[PDB]
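Following: one structure in structure tokens, then a few remarks.
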Number of protein chains: 2
Amino acid sequence: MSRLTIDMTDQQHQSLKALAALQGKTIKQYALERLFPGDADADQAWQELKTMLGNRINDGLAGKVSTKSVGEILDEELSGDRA
Amino acid sequence: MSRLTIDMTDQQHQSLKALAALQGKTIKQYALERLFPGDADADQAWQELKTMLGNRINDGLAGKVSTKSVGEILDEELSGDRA
């Protein structure tokens with residue numbers, strides 16, 4: 001486990017420490033990713049452009065259903081298709 | 001002293017850890033500021049300021065065949081992509 005110890009100022013530590021919890025996690029993760037923050041944009045559009053889950057609730061629940069529709073999408077819009 | 005301990009993965013920690021020394025300091029400084037980064041000018045300004053006059057191009061190459069993904073020669077009719 002590559003654990004690094006970083007020295008910070010009591011005042012600043014509250015800025016990042018609080019932010020970590022504010023985001024919904026612990027600095028141990030938040031600060032960690034901050035050192036390696038890439039671009040989630042590229043992994044956002046394609047996240048649905050190739051496989052859109054939608055915004056509906058469950059309807060059966062049984063492991064995983066092989067969607068016959070989703071998977072084959074083409075140019076037409078940026079946000080929608082199946083709402 | 002507000003010193004925070006963080007757990008990172010061997011391979012990844014080397015990416016940021018090494019960058020610290022590569023820049024001319026210890027990750028305890030480099031990674032530290034990375035947690036408190038706030039700028040939107042140099043991010044785009046320096047992103048292109050170096051895109052022109054690089055630092056290490058090596059007289060070896062010349063024809064270019066994709067490998068570095070960074071570095072171009074101005075004053076020359078080329079295709080799009082990088083414009």
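Note that each Cβ is placed from the backbone with ideal geometry, even for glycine, and that neighbours are counted across all protein chains shown. Quick note: the coordinates plus some simple rules give every number you see, no bench work behind them.
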In this structure, is residue B:72 within 19 Å of residue A:8 (Cα to Cα) and either within 18 Å of the chain's Cα centre (by Cα) or hydrophobic (A, V, I, L, M, F, W, C) (or both)?
no
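Hey, among A:6, A:27, which residue is touching a strand residue (DSSP E or B) at 6+ places or on another chain (Cβ under 6 Å), among the hydrophobic types (A, V, I, L, M, F, W, C), surrounded by 12 or more Cβ atoms within 10 Å (Cβ to Cβ) and within 14 Å of chain B (Cβ to nearest Cβ)?
Numbers: A:27 fails: touching a strand residue (DSSP E or B) at 6+ places or on another chain (Cβ under 6 Å).
Testing whether each residue is touching a strand residue (DSSP E or B) at 6+ places or on another chain (Cβ under 6 Å), among the hydrophobic types (A, V, I, L, M, F, W, C), surrounded by 12 or more Cβ atoms within 10 Å (Cβ to Cβ) and within 14 Å of chain B (Cβ to nearest Cβ) leaves just A:6.
For residue B:2, indicate whether it is touching a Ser or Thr at 6+ places or on another chain (Cβ under 8 Å) and over 21 Å from residue A:39 (Cα atoms).
Numbers: touching a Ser or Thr at 6+ places or on another chain (Cβ under 8 Å): yes; over 21 Å from residue A:39 (Cα atoms): yes.
Here the answer is yes, as residue B:2 does meet what is asked.
Just to be sure, is residue A:25 closer than 30 Å to residue B:19 by Cβ and of a type in the set (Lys, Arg)?
Values: closer than 30 Å to residue B:19 by Cβ: yes; of a type in the set (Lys, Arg): yes.
Considered against the rule, which asks whether it is closer than 30 Å to residue B:19 by Cβ and of a type in the set (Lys, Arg), residue A:25 comes out as yes.
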Any idea how many residues of the range B:30-60 are among the small types (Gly, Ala, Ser) and either under 29 Å from residue A:14 (Cβ atoms) or at the interface with chain A (Cβ under 9 Å from one of its Cβ atoms) (or both)?
4
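Within the range A:1-55, work out how many residues are of a type in the set (A, V, I, L, M) and in contact with a helix residue (DSSP H, G or I) (Cβ under 7 Å, 6 or more places away or on another chain).
Narrowing the range A:1-55 to residues of a type in the set (A, V, I, L, M): A:1, A:4, A:6, A:8, A:16, A:18-22, A:27, A:31-32, A:35, A:40, A:42, A:45, A:49, A:52-53.
Now drop any that are not in contact with a helix residue (DSSP H, G or I) (Cβ under 7 Å, 6 or more places away or on another chain), which leaves A:4, A:6, A:8, A:16, A:19-20, A:27, A:31, A:35.
Residues flagged as of a type in the set (A, V, I, L, M) and in contact with a helix residue (DSSP H, G or I) (Cβ under 7 Å, 6 or more places away or on another chain) within the range A:1-55 amount to 9.
Go through the range A:38-83 and report how many residues are under 30 Å from residue A:16 (Cβ atoms) and surrounded by 10 or more Cβ atoms within 10 Å (Cβ to Cβ).
Step one: filter the range A:38-83 for residues under 30 Å from residue A:16 (Cβ atoms), giving A:38-45, A:47.
Filter once more, so that each one left must be surrounded by 10 or more Cβ atoms within 10 Å (Cβ to Cβ): A:44-45, A:47.
Here the count works out to 3.
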